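Visitor: File run-v1.pdb follows (PDB, C-alpha atoms):
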```pdb
ATOM      1  CA  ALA N   1     -31.878  49.403  33.183
ATOM      2  CA  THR N   2     -35.292  49.576  31.539
ATOM      3  CA  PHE N   3     -36.137  51.250  28.203
ATOM      4  CA  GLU N   4     -39.660  52.012  27.019
ATOM      5  CA  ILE N   5     -39.762  52.187  23.230
ATOM      6  CA  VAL N   6     -42.868  54.064  22.076
ATOM      7  CA  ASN N   7     -44.045  54.361  18.459
ATOM      8  CA  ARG N   8     -45.903  57.665  18.144
ATOM      9  CA  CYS N   9     -45.683  57.522  14.329
ATOM     10  CA  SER N  10     -48.836  56.994  12.300
ATOM     11  CA  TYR N  11     -47.149  54.020  10.568
ATOM     12  CA  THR N  12     -45.919  50.671  11.820
ATOM     13  CA  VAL N  13     -42.275  50.561  12.814
ATOM     14  CA  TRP N  14     -40.083  47.565  13.624
ATOM     15  CA  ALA N  15     -37.967  48.515  16.633
ATOM     16  CA  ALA N  16     -34.490  47.055  17.017
ATOM     17  CA  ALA N  17     -32.019  46.948  19.887
ATOM     18  CA  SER N  18     -28.502  45.545  19.678
ATOM     19  CA  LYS N  19     -24.988  46.034  21.029
ATOM     20  CA  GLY N  20     -23.414  44.996  17.701
ATOM     21  CA  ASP N  21     -22.403  41.407  18.476
ATOM     22  CA  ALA N  22     -25.625  40.465  20.311
ATOM     23  CA  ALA N  23     -29.281  41.389  20.685
ATOM     24  CA  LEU N  24     -30.453  43.474  23.629
ATOM     25  CA  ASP N  25     -33.467  41.799  25.224
ATOM     26  CA  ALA N  26     -35.510  40.181  22.401
ATOM     27  CA  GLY N  27     -33.660  42.362  19.865
ATOM     28  CA  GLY N  28     -36.634  43.480  17.787
ATOM     29  CA  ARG N  29     -40.395  43.800  17.671
ATOM     30  CA  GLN N  30     -43.231  45.155  15.573
ATOM     31  CA  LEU N  31     -44.729  48.339  17.048
ATOM     32  CA  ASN N  32     -47.988  49.523  15.554
ATOM     33  CA  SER N  33     -48.962  53.176  15.918
ATOM     34  CA  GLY N  34     -49.221  53.954  19.634
ATOM     35  CA  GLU N  35     -47.656  50.704  20.889
ATOM     36  CA  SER N  36     -45.022  50.648  23.660
ATOM     37  CA  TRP N  37     -42.342  48.008  24.138
ATOM     38  CA  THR N  38     -40.407  47.879  27.393
ATOM     39  CA  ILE N  39     -37.043  46.094  27.426
ATOM     40  CA  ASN N  40     -34.420  45.381  30.076
ATOM     41  CA  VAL N  41     -30.831  46.253  29.210
ATOM     42  CA  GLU N  42     -28.169  44.732  31.393
ATOM     43  CA  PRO N  43     -26.161  47.258  33.453
ATOM     44  CA  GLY N  44     -22.695  47.927  32.074
ATOM     45  CA  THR N  45     -23.793  47.547  28.438
ATOM     46  CA  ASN N  46     -21.282  49.434  26.285
ATOM     47  CA  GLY N  47     -22.205  50.638  22.810
ATOM     48  CA  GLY N  48     -25.915  49.776  22.762
ATOM     49  CA  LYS N  49     -28.133  51.181  20.017
ATOM     50  CA  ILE N  50     -31.877  51.437  19.401
ATOM     51  CA  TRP N  51     -33.379  52.308  15.999
ATOM     52  CA  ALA N  52     -36.537  51.941  13.924
ATOM     53  CA  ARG N  53     -36.971  49.903  10.754
ATOM     54  CA  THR N  54     -39.565  50.701   8.099
ATOM     55  CA  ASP N  55     -41.507  48.665   5.511
ATOM     56  CA  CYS N  56     -40.537  45.224   6.771
ATOM     57  CA  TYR N  57     -41.909  41.850   5.699
ATOM     58  CA  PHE N  58     -41.088  38.821   7.826
ATOM     59  CA  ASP N  59     -42.263  35.238   7.626
ATOM     60  CA  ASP N  60     -42.838  32.421  10.165
ATOM     61  CA  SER N  61     -39.174  32.045  11.191
ATOM     62  CA  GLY N  62     -38.819  35.809  11.583
ATOM     63  CA  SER N  63     -36.841  36.211   8.346
ATOM     64  CA  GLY N  64     -37.505  38.869   5.778
ATOM     65  CA  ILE N  65     -36.415  42.340   4.781
ATOM     66  CA  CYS N  66     -36.858  45.982   5.766
ATOM     67  CA  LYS N  67     -36.324  48.974   3.502
ATOM     68  CA  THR N  68     -34.447  50.900   6.236
ATOM     69  CA  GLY N  69     -32.438  49.520   9.129
ATOM     70  CA  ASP N  70     -32.455  45.856   8.069
ATOM     71  CA  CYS N  71     -30.196  43.819  10.347
ATOM     72  CA  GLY N  72     -29.387  40.980   7.985
ATOM     73  CA  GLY N  73     -33.007  40.053   7.353
ATOM     74  CA  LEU N  74     -33.921  39.212  10.971
ATOM     75  CA  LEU N  75     -36.851  40.392  13.064
ATOM     76  CA  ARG N  76     -34.704  40.057  16.234
ATOM     77  CA  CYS N  77     -31.524  41.963  15.444
ATOM     78  CA  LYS N  78     -28.164  40.549  16.477
ATOM     79  CA  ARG N  79     -26.087  43.076  14.543
ATOM     80  CA  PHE N  80     -26.606  46.684  13.577
ATOM     81  CA  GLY N  81     -29.009  47.779  10.872
ATOM     82  CA  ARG N  82     -28.329  48.933   7.330
ATOM     83  CA  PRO N  83     -28.399  52.759   6.908
ATOM     84  CA  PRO N  84     -30.268  55.065   6.808
ATOM     85  CA  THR N  85     -31.073  54.769  10.544
ATOM     86  CA  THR N  86     -31.572  57.512  13.098
ATOM     87  CA  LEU N  87     -29.656  56.124  16.091
ATOM     88  CA  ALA N  88     -30.286  56.301  19.814
ATOM     89  CA  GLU N  89     -26.924  55.424  21.382
ATOM     90  CA  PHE N  90     -26.012  54.594  24.978
ATOM     91  CA  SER N  91     -23.251  53.281  27.223
ATOM     92  CA  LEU N  92     -24.472  52.282  30.692
ATOM     93  CA  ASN N  93     -22.729  52.364  34.100
ATOM     94  CA  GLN N  94     -19.379  53.674  32.872
ATOM     95  CA  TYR N  95     -17.535  54.633  36.072
ATOM     96  CA  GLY N  96     -20.831  55.530  37.742
ATOM     97  CA  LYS N  97     -22.347  57.467  34.808
ATOM     98  CA  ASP N  98     -24.602  56.764  31.806
ATOM     99  CA  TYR N  99     -23.951  58.391  28.389
ATOM    100  CA  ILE N 100     -26.684  58.903  25.775
ATOM    101  CA  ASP N 101     -26.917  60.579  22.373
ATOM    102  CA  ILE N 102     -28.762  60.624  19.062
ATOM    103  CA  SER N 103     -26.651  60.187  15.933
ATOM    104  CA  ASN N 104     -27.188  61.079  12.278
ATOM    105  CA  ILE N 105     -23.789  59.581  11.373
ATOM    106  CA  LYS N 106     -25.568  56.618   9.768
ATOM    107  CA  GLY N 107     -28.274  58.815   8.205
ATOM    108  CA  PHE N 108     -31.862  59.519   9.223
ATOM    109  CA  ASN N 109     -35.010  57.537   8.697
ATOM    110  CA  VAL N 110     -37.493  58.194  11.543
ATOM    111  CA  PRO N 111     -37.675  61.251  13.866
ATOM    112  CA  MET N 112     -36.819  60.444  17.448
ATOM    113  CA  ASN N 113     -36.793  61.653  21.048
ATOM    114  CA  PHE N 114     -34.425  60.038  23.575
ATOM    115  CA  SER N 115     -35.184  60.983  27.193
ATOM    116  CA  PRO N 116     -34.636  59.642  30.721
ATOM    117  CA  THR N 117     -37.613  58.587  32.853
ATOM    118  CA  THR N 118     -35.630  59.169  36.105
ATOM    119  CA  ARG N 119     -33.830  62.272  37.387
ATOM    120  CA  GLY N 120     -30.763  64.306  36.781
ATOM    121  CA  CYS N 121     -30.274  64.966  33.052
ATOM    122  CA  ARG N 122     -32.063  66.252  29.957
ATOM    123  CA  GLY N 123     -33.186  64.391  26.863
ATOM    124  CA  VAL N 124     -32.207  64.927  23.248
ATOM    125  CA  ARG N 125     -34.386  65.051  20.185
ATOM    126  CA  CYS N 126     -34.081  64.977  16.402
ATOM    127  CA  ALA N 127     -37.587  65.543  15.055
ATOM    128  CA  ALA N 128     -37.085  67.698  11.965
ATOM    129  CA  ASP N 129     -38.236  66.641   8.509
ATOM    130  CA  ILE N 130     -34.803  65.503   7.330
ATOM    131  CA  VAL N 131     -36.268  63.103   4.779
ATOM    132  CA  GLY N 132     -38.420  65.768   3.149
ATOM    133  CA  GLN N 133     -35.495  68.190   2.921
ATOM    134  CA  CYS N 134     -32.887  65.539   2.119
ATOM    135  CA  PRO N 135     -30.391  66.657  -0.566
ATOM    136  CA  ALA N 136     -30.965  64.829  -3.816
ATOM    137  CA  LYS N 137     -27.710  62.838  -3.748
ATOM    138  CA  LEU N 138     -28.454  61.530  -0.253
ATOM    139  CA  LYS N 139     -32.088  60.483  -0.777
ATOM    140  CA  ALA N 140     -32.326  56.749  -0.290
ATOM    141  CA  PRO N 141     -34.771  55.051  -2.716
ATOM    142  CA  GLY N 142     -36.330  52.997   0.084
ATOM    143  CA  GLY N 143     -37.059  56.155   2.073
ATOM    144  CA  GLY N 144     -34.857  58.045   4.497
ATOM    145  CA  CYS N 145     -31.797  60.249   4.077
ATOM    146  CA  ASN N 146     -28.365  58.591   3.791
ATOM    147  CA  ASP N 147     -25.240  59.971   5.393
ATOM    148  CA  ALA N 148     -22.454  61.090   3.059
ATOM    149  CA  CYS N 149     -20.088  58.310   4.172
ATOM    150  CA  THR N 150     -22.624  55.620   3.185
ATOM    151  CA  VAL N 151     -23.164  57.201  -0.242
ATOM    152  CA  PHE N 152     -19.667  58.234  -1.352
ATOM    153  CA  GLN N 153     -17.157  56.196   0.739
ATOM    154  CA  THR N 154     -14.363  58.780   0.905
ATOM    155  CA  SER N 155     -11.844  59.283   3.700
ATOM    156  CA  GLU N 156     -13.298  62.749   4.352
ATOM    157  CA  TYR N 157     -16.970  61.745   4.829
ATOM    158  CA  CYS N 158     -16.078  58.567   6.766
ATOM    159  CA  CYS N 159     -13.203  60.187   8.719
ATOM    160  CA  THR N 160     -11.069  57.135   7.931
ATOM    161  CA  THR N 161      -7.742  58.792   8.723
ATOM    162  CA  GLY N 162      -9.083  60.118  12.033
ATOM    163  CA  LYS N 163      -8.805  63.623  10.591
ATOM    164  CA  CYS N 164     -11.845  65.112   8.833
ATOM    165  CA  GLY N 165     -13.913  68.270   8.912
ATOM    166  CA  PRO N 166     -17.570  69.225   8.586
ATOM    167  CA  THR N 167     -18.959  68.988   5.060
ATOM    168  CA  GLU N 168     -21.878  70.457   3.099
ATOM    169  CA  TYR N 169     -23.702  67.199   3.830
ATOM    170  CA  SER N 170     -22.922  66.967   7.547
ATOM    171  CA  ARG N 171     -23.930  70.626   7.925
ATOM    172  CA  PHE N 172     -27.324  69.714   6.451
ATOM    173  CA  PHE N 173     -27.985  67.225   9.269
ATOM    174  CA  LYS N 174     -26.500  69.556  11.883
ATOM    175  CA  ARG N 175     -28.645  72.516  10.775
ATOM    176  CA  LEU N 176     -31.892  70.528  11.091
ATOM    177  CA  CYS N 177     -30.798  68.580  14.225
ATOM    178  CA  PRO N 178     -28.141  70.423  16.262
ATOM    179  CA  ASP N 179     -28.536  67.958  19.186
ATOM    180  CA  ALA N 180     -27.477  64.939  17.025
ATOM    181  CA  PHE N 181     -24.021  63.915  15.800
ATOM    182  CA  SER N 182     -23.720  64.959  12.145
ATOM    183  CA  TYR N 183     -20.299  63.392  11.418
ATOM    184  CA  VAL N 184     -17.880  61.334  13.379
ATOM    185  CA  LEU N 185     -15.724  64.186  14.773
ATOM    186  CA  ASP N 186     -18.707  66.428  15.524
ATOM    187  CA  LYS N 187     -18.534  68.406  18.752
ATOM    188  CA  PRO N 188     -20.103  65.838  21.107
ATOM    189  CA  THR N 189     -23.786  66.252  21.869
ATOM    190  CA  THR N 190     -23.554  63.436  24.418
ATOM    191  CA  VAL N 191     -25.654  63.758  27.592
ATOM    192  CA  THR N 192     -24.301  62.572  30.971
ATOM    193  CA  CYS N 193     -26.848  60.938  33.315
ATOM    194  CA  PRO N 194     -26.620  59.226  36.740
ATOM    195  CA  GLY N 195     -25.604  55.584  36.576
ATOM    196  CA  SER N 196     -28.492  53.094  36.257
ATOM    197  CA  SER N 197     -31.025  55.592  34.885
ATOM    198  CA  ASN N 198     -34.083  54.480  32.896
ATOM    199  CA  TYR N 199     -35.174  55.830  29.525
ATOM    200  CA  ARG N 200     -37.889  56.223  26.898
ATOM    201  CA  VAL N 201     -37.237  56.266  23.129
ATOM    202  CA  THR N 202     -40.192  57.822  21.271
ATOM    203  CA  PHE N 203     -40.424  57.564  17.505
ATOM    204  CA  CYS N 204     -42.181  60.527  15.881
ATOM    205  CA  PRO N 205     -42.249  62.543  19.132
ATOM    206  CA  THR N 206     -44.091  65.568  17.690
ATOM    207  CA  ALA N 207     -46.044  64.200  14.683
TER     208      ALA N 207
END
```
Re-express the file's structure as structure tokens.
Guide:
Amino acid sequence: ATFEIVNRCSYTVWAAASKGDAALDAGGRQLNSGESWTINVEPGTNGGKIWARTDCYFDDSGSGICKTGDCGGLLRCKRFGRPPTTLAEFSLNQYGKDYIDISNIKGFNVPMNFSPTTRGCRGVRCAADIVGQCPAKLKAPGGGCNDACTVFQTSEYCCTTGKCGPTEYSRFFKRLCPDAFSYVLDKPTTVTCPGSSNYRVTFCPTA
């Protein structure tokens, strides 16, 4: 399957793509404002994620640091990034279907639209100003808005016992972005698409 990753933000973003234990395609790339990066994701990929990283510095060897979404200091991510990260999530070719969603479960850093480029399903979008409105306790110094599990590490926010309810914090994300997961047991906002669809992830879709 092919993914076009488009940076419509006015600032440089460092895109990342990983399935947790391995990079997808090259795994990461600088995208200046307006730049598009097309990657090939192998069919059958389970648990793939795409996110943006902000305020990165990397050297010759591709080592450095980002203030949001750092994946252990690498330009080409092999593992997942450090929150806060708005997450585009996908499982491909699962019994003939594709499943996509946007998640705020690891916080929010960049607004995002996640849409298919082929037929038969809708896209999803979280493009509200979550950082500007972020509750004080969740504001991350490096920018972005942390999820409550990252900040407080309780069984309720992290849903450790498998039983948990919505919270004042999860409701904040859900009220600004109803189409994104706000906590781990949220009523699923997953979208079902035909198997082997193609997609576009746009950062800053509106502004």
Visitor: Which residues, written as a ChimeraX atom specification, have at least one atom at most 9 Å from residue N:169, with all atoms listed in the file counted and residues fewer than 2 positions away on the same chain left out?
Guide: /N:135,138,147-148,157,166-167,171-174,182
Visitor: Please expand the PyMOL selection byres ((chain N and resi 12) around 9) into the concrete residues it hits in this file, giving the result as number ranges by chain.
Guide: N: 7, 9-11, 13-14, 30-33, 54-55
Visitor: Calculated over only C-alpha atoms, which of the candidates N:160, N:45, N:40, N:150 has the smallest distance to residue N:98?
Guide: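 Of all the options, N:45 lies closest to residue N:98.
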Visitor: Excluding residue N:3 and any residue of its chain fewer than 5 positions from it, enumerate the residues within 6 Å of it, using only C-alpha atoms, and give them as a JSON list (two decimals) with C-alpha atoms, keeping the file's coordinate frame.
Guide:
```
[["chain", "number", "residue", "atom", "x", "y", "z"],
["N", 38, "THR", "CA", -40.41, 47.88, 27.39],
["N", 39, "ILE", "CA", -37.04, 46.09, 27.43],
["N", 199, "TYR", "CA", -35.17, 55.83, 29.52],
["N", 200, "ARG", "CA", -37.89, 56.22, 26.90]]
```
Visitor: Mind telling me what the PyMOL selection byres ((chain N and resi 111) around 6) catches here, as an MDAnalysis selection string?
Guide: chainID N and resid 110 112 126:127 203:204
Visitor: Ranking N:5, N:176, N:22, N:164 by minimum distance to residue N:77 and counting all atoms listed in the file, which one comes first?
Guide: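 Distance minimum relative to residue N:77 lands on N:22.
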Visitor: Could you check how far atom CA of residue N:66 sits from atom CA of residue N:4, in Å to one decimal?
Guide: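 Rounded to one decimal, the two atoms are 22.3 Å apart.
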Visitor: Using all atoms listed in the file, which of N:141, N:136, N:16, N:64 sits nearest residue N:85?
Guide: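 Going through N:141, N:136, N:16, N:64 one by one, the smallest distance to residue N:85 is for N:16.
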Visitor: Give me the residues near residue N:19 as a PDB file with C-alpha atoms, in the frame of the given file, where near means some atom within 8 Å (using only C-alpha atoms) and where sequence neighbours in that chain fewer than 4 positions away do not count.
Guide:
```pdb
ATOM      1  CA  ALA N  23     -29.281  41.389  20.685  1.00  0.00           C
ATOM      2  CA  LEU N  24     -30.453  43.474  23.629  1.00  0.00           C
ATOM      3  CA  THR N  45     -23.793  47.547  28.438  1.00  0.00           C
ATOM      4  CA  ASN N  46     -21.282  49.434  26.285  1.00  0.00           C
ATOM      5  CA  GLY N  47     -22.205  50.638  22.810  1.00  0.00           C
ATOM      6  CA  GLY N  48     -25.915  49.776  22.762  1.00  0.00           C
ATOM      7  CA  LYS N  49     -28.133  51.181  20.017  1.00  0.00           C
ATOM      8  CA  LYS N  78     -28.164  40.549  16.477  1.00  0.00           C
ATOM      9  CA  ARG N  79     -26.087  43.076  14.543  1.00  0.00           C
ATOM     10  CA  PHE N  80     -26.606  46.684  13.577  1.00  0.00           C
TER      11      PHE N  80
END
```
Visitor: Between atom CA of residue N:195 and atom CA of residue N:86, what is the distance, to one decimal in Å?
Guide: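 Pair atom CA of residue N:195 / atom CA of residue N:86 returns 24.3 Å.
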Visitor: So, counting all atoms listed in the file, which residue among N:168, N:184, N:131, N:139 is closest to residue N:106?
Guide: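 Smallest distance to residue N:106 is found for N:184.
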Visitor: Which residues, written as a PyMOL selection string, have at least one atom at most 7 Å from residue N:130, with all atoms listed in the file counted and residues fewer than 4 positions away on the same chain left out?
Guide: chain N and resi 108+134+145+176
Visitor: Using C-alpha atoms, can you export the residues from the last selection as a short mmCIF file (atom, residue, chain, number, x, y, z; two decimals), keeping the file's coordinate frame?
Guide:
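And here's result_12.cif as it stands now:
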```cif
data_model
loop_
_atom_site.label_atom_id
_atom_site.label_comp_id
_atom_site.auth_asym_id
_atom_site.auth_seq_id
_atom_site.Cartn_x
_atom_site.Cartn_y
_atom_site.Cartn_z
CA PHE N 108 -31.86 59.52 9.22
CA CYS N 134 -32.89 65.54 2.12
CA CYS N 145 -31.80 60.25 4.08
CA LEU N 176 -31.89 70.53 11.09
#
```
Visitor: Tell me which of N:26, N:41, N:149, N:207 sits closest to residue N:91, counting all atoms listed in the file.
Guide: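 Checking each of N:26, N:41, N:149, N:207 against residue N:91, counting all atoms listed in the file, the winner is N:41.
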